[PDB]
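This document starts with one chain, in the form deposited in one PDB entry, laid out as structure tokens.
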């Protein structure tokens, strides 16, 4: 079950296609850029990613590069892979040094070498939307 504790919600954001180039990393900062439900008090619980790569390789979360060797996760060419990263109820300012890094055995420069599904993020429920306090001045 992907059902969450009552005070959490899922949010999602589309992932960009990867262009050709000349290691690969998606910073957590970038993943959350522009999600309106997220502000500086938001607590983060889970990050789900899913992808298909054109090569075998490894990937992992890092914090500061090479992903650490112990704990590196593997993936196979043309095979859907996912991961549920635990974000530990932290705030953005304790996660904005993190990135997911991929290391491909081959086709390391090809466009679309990794194709991500949308990112899913379990976060603390934001404050409900409210219109401005004085929106209904001169309403009759």
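Residues that one form lacks are left out of the comparison. Rigid core here is just the name for the largest C-alpha set that superposes within 1.5 Å across the two forms. Residue numbers count along the first chain shown, from 1.
What comes next is about the form deposited in another entry, which is not displayed.
- Comparing the forms between this form and the one not shown, the C-alpha position of residue 89 differs by less than 2 angstroms, with the core used for superposition.
- Core-superposed comparison between this form and the one not shown: the Cα of residue 71 travels 2 Å or more.
- Once the core is fitted, the segments that move between this form and the one not shown, counting only runs of three or more residues with each CA displaced by at least 2 angstroms, are 65 to 71, 127 to 139.
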